[PDB]
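Student: A single structure is presented below for examination.
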Amino acid sequence: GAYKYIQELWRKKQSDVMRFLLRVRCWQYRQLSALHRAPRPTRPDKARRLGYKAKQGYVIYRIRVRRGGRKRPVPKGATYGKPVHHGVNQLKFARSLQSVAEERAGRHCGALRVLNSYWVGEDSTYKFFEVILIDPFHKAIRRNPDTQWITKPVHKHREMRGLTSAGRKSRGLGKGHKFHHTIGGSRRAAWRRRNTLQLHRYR
Amino acid sequence: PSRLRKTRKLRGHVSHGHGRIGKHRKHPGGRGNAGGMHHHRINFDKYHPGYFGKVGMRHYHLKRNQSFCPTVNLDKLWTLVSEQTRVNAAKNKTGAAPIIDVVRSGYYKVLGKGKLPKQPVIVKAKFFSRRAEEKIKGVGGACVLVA
Amino acid sequence: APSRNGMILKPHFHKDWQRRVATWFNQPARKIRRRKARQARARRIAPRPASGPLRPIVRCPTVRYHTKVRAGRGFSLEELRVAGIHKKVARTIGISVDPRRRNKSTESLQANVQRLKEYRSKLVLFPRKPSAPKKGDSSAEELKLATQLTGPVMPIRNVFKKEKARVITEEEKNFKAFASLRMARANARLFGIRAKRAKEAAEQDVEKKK
Amino acid sequence: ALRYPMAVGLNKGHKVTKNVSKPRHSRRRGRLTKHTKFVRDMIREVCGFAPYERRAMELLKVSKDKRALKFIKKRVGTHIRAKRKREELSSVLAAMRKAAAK
RNA sequence: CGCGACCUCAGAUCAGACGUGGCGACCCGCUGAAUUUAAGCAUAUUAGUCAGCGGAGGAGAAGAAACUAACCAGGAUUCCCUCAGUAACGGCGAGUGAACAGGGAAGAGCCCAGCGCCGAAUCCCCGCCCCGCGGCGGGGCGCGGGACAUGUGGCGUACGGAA
RNA sequence: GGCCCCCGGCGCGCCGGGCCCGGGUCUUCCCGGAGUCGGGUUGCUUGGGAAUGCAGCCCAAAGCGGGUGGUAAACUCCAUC
Ligand SMILES: [Mg+2]
Ligand SMILES: [Mg+2]
Ligand SMILES: [Mg+2]
Ligand SMILES: [Mg+2]
Ligand SMILES: [Mg+2]
Ligand SMILES: [Mg+2]
Ligand SMILES: [Mg+2]
Ligand SMILES: [Mg+2]
Ligand SMILES: [Mg+2]
Ligand SMILES: [Mg+2]
Ligand SMILES: [Mg+2]
Ligand SMILES: [Mg+2]
Ligand SMILES: [Mg+2]
Ligand SMILES: [Mg+2]
Ligand SMILES: [Mg+2]
Ligand SMILES: [Mg+2]
Ligand SMILES: [Mg+2]
Ligand SMILES: [Mg+2]
Ligand SMILES: [Mg+2]
Ligand SMILES: [Mg+2]
């Protein structure tokens, strides 16, 4: 089936074909606003593996994000404090750019419920992304049982809480020895557990 | 029981048992184990010889259960079994010798402290001492390795 | 400041711990709540064991625990396959099934098949309607018990096989255990180099020809 | 002469009979399928090769094959990936050489 | 020099929907000190703690192994007891500091993309009738619109699956 | 203990629809998520120590592959996802 071809082609990103296209796409995207609703998914394939479905009430915003790290917002330098914390230039945000991308798509379209995102290119200055969104109150989603989990109000603002695939990754949770921080729910919760004087009745 | 404590008997007296030349100030030494090298050194190196310094090899992902090997002495090996195995034996007249599975009772190694009574055995165990073996043989028994 | 002899001891009360003290005044109230909730769940699953489903027998890991045996999480697929219970159905008759369990040795497998067989013997499957089709048991074994089973269903008891008094053949007596262990240690230690020197010597014998 | 099972040394541990079950289906992942192979190489004649790959082919042609690997390791990352790539490149280069000779 | 497809884009007080603020004990994501300790202090510590911003729910988060182990092996997540003030970190000073096993509380497991087969077999909105209507649903009937082949629905997902 | 309201929850009947929904045995086919993994790096973070986890930047994959197997690397068997 064509999707497997498309998939394998897109892995040849250093190839002559895909490099040509990526350059032309990235030029084109750069010549638009920072947030615009793509009429259809640039990457159909990827979108399907991430859970897009080509029916009504699935949406896709292409969102630009400025690239590079995070300089410490303090006037001049003047991070007054112990010279551990004197750093301002070479320091780096916890979440990814892709998460930031989703978060912004989420912010803008409050009714819409961020499902998942994928990449469409990168300049020196910008990255580009494509956030799949969903109306939780369009009948075609509501009545389809397999999606109607997103219409539940626990799934409000997934991206804001660190719950999309992208913003999950910063949280630092997976099974096995390479984690332990996040061995309750999350990073914060384990610390909480580990720094509770459990003070029993009888002692 | 505050009733019994010392502050009840100190009521009335000025200094509260802390003296009046020197007082009860907050932290005159430094907090805690401060000064281990300087200014508390003598206490450290006459009641904790060897506090300071590294020694030996690091071992990163220590898991204690690998090195699990609870020992038992010949001293009290017969304790593992009901008296009537040690009694139906020194009797019987077959020269039978009853088995003692030490690993069942929760000891892996059998070390050799103590006098073993002149009364044959078959000791099943994961590990043995040299002496524990020897004593067992001298009783007229047989050590038996188990996985 | 330390004064004459004592453990040079490190307490961990430097963070704001009184902000995170966790009292246990619940616990009685808790213990009850669980207990009510427990009795409710029994009553809901009416003649079904209060326990839960049946669970496999399983040995612990590590040299330490090794000798003991617990209840496992669920019966493997091979064990269901050999017993002849369709895995999707086994859930519906109160048989725990995990499918992530390997099955290394055949001693642990046949035991766990035996478990399921025994379960299926002493199980009282009620028919779907009061009108009785196949599988569903007789109204005798139904009226005589729509009874719950208190406690864990067919409990595992870690058990020992009594060894009778032998005679000690002149061979057991001959054995030198401690030595044997020392030897067995050194051969694991030295296996690998010995093989490298032999590989060296073999190369020297072949090199002599050419 | 009496071979008690031991808890320590080479053929150690509790002696138990082994069943030889069907290996889990999870274990066969990454096995190259006839149809996937066809797709993979169907695309290597559309898309062609990357720049670093091409540069390595040119090294391999010259028979300077250590420098080829030194390059691929710095480029790809590991040794084992670099070595596996160098074999593919040498295979490609050979099938060109066979194709030319006709 | 028109008319017609589509593509990409606009504008509507267009028809019908949703989002905005609050609360914040508990919860998720960021951000993030300095008093303080070290008898001084800069790494360390205080602390991923206070303050700061964001977003929730009746709980949240987590969760059905790219896991543990190295055993005769265990088998999602969470919680307690233990592991253990231990392995480890550390001007190896002050200080800091987990995990597996073991025993419990509870216990529940599943679905896509893909790969394939099936006349798109699917969905939304209109309009007419019968029931039902204070959580807008059922059934029928319309050459009544649209979405959709740049892929909807049934079967199926590694515990194998299809024919 | 009683009576009266209301509401819930479960039991039986009727109708309206939907719904022709198994298992084993042998054969022939089918099979996996990329700017991701991985590497280098710098900064934070961790008990995690020749890098526990998260980041930016650069490189940038494979398919008997990939990941893990708590000391860097090469060769090699195993185990485990
Ligand atoms: Mg500091
Ligand atoms: Mg990652
Ligand atoms: Mg005094
Ligand atoms: Mg005074
Ligand atoms: Mg004084
Ligand atoms: Mg229970
Ligand atoms: Mg709000
Ligand atoms: Mg100070
Ligand atoms: Mg001071
Ligand atoms: Mg000062
Ligand atoms: Mg800290
Ligand atoms: Mg706060
Ligand atoms: Mg939840
Ligand atoms: Mg997973
Ligand atoms: Mg666990
Ligand atoms: Mg202790
Ligand atoms: Mg700390
Ligand atoms: Mg499909
Ligand atoms: Mg730190
Ligand atoms: Mg090693």
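Here chain B follows Swiss-Prot, giving residues 2-148 in order.
Structure determined by electron microscopy, 4.2 Å.
Placed from the backbone N, Cα and C atoms, the Cβ positions cover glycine too.
Quick paste from Swiss-Prot:
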| type | residues | note |
| --- | --- | --- |
| MOD_RES | B:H39 | (3S)-3-hydroxyhistidine |
| MOD_RES | B:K47 | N6-acetyllysine |
| MOD_RES | B:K55 | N6-acetyllysine |
| MOD_RES | B:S68 | phosphoserine |
| MOD_RES | B:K110 | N6-acetyllysine |
Student: Run through the Cβ atoms and count how many others sit within 10 Å of the one on B:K55 (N6-acetyllysine).
Tutor: 5
Student: Out of B:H39, B:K47, B:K110, which has the highest number of nearby Cβ atoms, where nearby means within 10 Å of its Cβ, if these are the modified residues?
Tutor: B:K110
Student: What three-state secondary structure does DSSP assign to B:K47 (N6-acetyllysine)?
Tutor: helix
Student: Tally every other Cβ atom lying within 10 Å of the Cβ atom of the residue listed as 'phosphoserine'.
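Tutor: That number is 9.
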Student: C-alpha of B:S68 (phosphoserine) to C-alpha of B:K55 (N6-acetyllysine): distance in Å?
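Tutor: Taking the Cα atoms only, B:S68 (phosphoserine) lies 23 Å from B:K55 (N6-acetyllysine).
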Student: Could you check which of the modified residues B:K47, B:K55, B:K110 is the closest Cα neighbour of the residue listed as '(3S)-3-hydroxyhistidine'?
Tutor: B:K47
Student: Using DSSP and collapsing to three states, where does B:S68 (phosphoserine) fall: helix, strand or coil?
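Tutor: B:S68 (phosphoserine) sits in a helix per DSSP.
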Student: What does the structure give for the C-alpha distance between B:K55 (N6-acetyllysine) and B:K47 (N6-acetyllysine)? Integer Å is fine.
Tutor: 19
Student: To the nearest Å, how far is the Cα of B:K47 (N6-acetyllysine) from the Cα of B:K110 (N6-acetyllysine)?
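Tutor: B:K110 (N6-acetyllysine) has its Cα 38 Å from the Cα of B:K47 (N6-acetyllysine).
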